[PDB]
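> Numbering-wise, the deposited numbering comes out as the position in the sequence shown, counting from 1, plus 133.
Backbone N, C-alpha and C define an ideal beta-carbon position, used for all residues, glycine too.
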Amino acid sequence: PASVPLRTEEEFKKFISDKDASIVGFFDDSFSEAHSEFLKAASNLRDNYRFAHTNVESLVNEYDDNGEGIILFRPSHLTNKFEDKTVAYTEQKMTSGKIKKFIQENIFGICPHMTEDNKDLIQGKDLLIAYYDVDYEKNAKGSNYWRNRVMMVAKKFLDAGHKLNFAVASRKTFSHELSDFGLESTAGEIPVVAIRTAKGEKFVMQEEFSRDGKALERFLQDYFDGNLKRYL
């Protein structure tokens, strides 16, 4: 069961309401070539993402116009003004390789919440993390407050040419990582920020994170300009 069959709208809504993203296939034909390739991708990536599919007419018709589509659904608690909750697979042809590329390029969006479960999928490319009291069980409000400030800045640099990934992470859960950056773990609300490049260079924001996001903005500008001393 690398992909969960969803036989009802209750089941589909239940599936997509998770704290992790959903990759849902919509096929009126359960034996199509494309349904086959869907299941191959689900099988290859079964531990990395949550796959489901459906042939429920009302659902396939809602999400696709040709009886053959895939929608990524981002976590509803992470919805934000900078991207949408859904991303439809846009290619005409469906292969497992192409479904794999699609999910990697799209599932996380601009600034995922990095967790113990997804951390190895977020890490590895040049990456800025903002560490603070991320916790959507007890602190949804403060979680969003800071993440929206980080995203508003990220999106300005992304919209310009710049290539860098962004994530928010619990300063607590990832306390061991902080020492790599000369940072300490606190219960504090105000984020600390460090970049690690894929090649291993580390850059640590020095100024306190201002609510107006301009400290983060100055840190990123300096990073891209190459005016930062690397940390160690």
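1) Taking just the CA atoms, how far does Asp217 sit from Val157?
2) Going by C-alpha distance, which of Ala135, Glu334, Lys305 and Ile328 is nearest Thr319?
3) Give the range of the beta strand (DSSP E) segment to which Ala167 is assigned.
4) Taking the alpha-carbon positions, what's the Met285 to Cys244 distance?
5) Considering Cα atoms alone, identify which of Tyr356, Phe164 and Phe159 is closest to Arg140.
6) Taking the beta carbon of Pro138 as the centre, do at least 16 other beta carbons fall within 10 Å, making it buried, or is it exposed?
7) Indicate whether at least one CB of chain D lies closer than 8 Å to the CB of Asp259.
8) DSSP state of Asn298, grouped into three classes?
9) Can you tell me which residues form a DSSP beta bridge with residue 433?
10) Give the single residue among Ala327, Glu322, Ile323 and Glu249 whose Cα lies nearest to the Cα of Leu311.
11) Please determine, among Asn213, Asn251 and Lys252, the residue with the shortest C-alpha to C-alpha distance to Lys274.
12) Return the bridge partner residues of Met247 from the DSSP annotation.
13) Rounded to the nearest angstrom, what separates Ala175 and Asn360 at their Cα positions?
14) If you run the structure through DSSP and keep just helix, strand and coil, what is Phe215?
15) May I ask you to report which of helix, strand or coil DSSP gives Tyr278?
16) At the level of alpha carbons, what is the spacing between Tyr265 and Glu341?
Working from what's here:
1) Straight-line measurement puts the Cα of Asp217 at about 16 Å from the Cα of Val157.
2) Selected option, being the one with the closest Cα: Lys305.
3) Here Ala167 belongs to no beta strand (DSSP E); instead the alpha helix (DSSP H) covers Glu166 to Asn177.
4) Straight across, the Cα-Cα distance linking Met285 with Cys244 is about 10 Å.
5) Checking every option, the nearest Cα to that of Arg140 belongs to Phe159.
6) By the beta-carbon neighbour count (other beta carbons within 10 angstroms, threshold 16), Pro138 is exposed.
7) The structure shown has no chain D; it contains just one protein chain.
8) The DSSP-derived three-state label of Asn298 is strand.
9) Look at the range of the chain in this structure, 134 to 365, and you will see that residue 433 is not part of it.
10) Taking only the C-alpha atoms, the option nearest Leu311 is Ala327.
11) With distances taken between Cα atoms, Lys274 lies closest to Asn213.
12) DSSP output for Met247 lists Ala302 as bridge partner(s).
13) Looking at the two C-alpha atoms, the distance is approximately 43 Å.
14) DSSP, reduced to helix, strand and coil, places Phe215 outside both helices and strands of the structure shown, so it counts as coil.
15) In the structure shown, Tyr278 sits in a helix (DSSP, three-state: H, G or I).
16) Spanning the alpha carbons of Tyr265 and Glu341 requires a straight line of approximately 12 Å.
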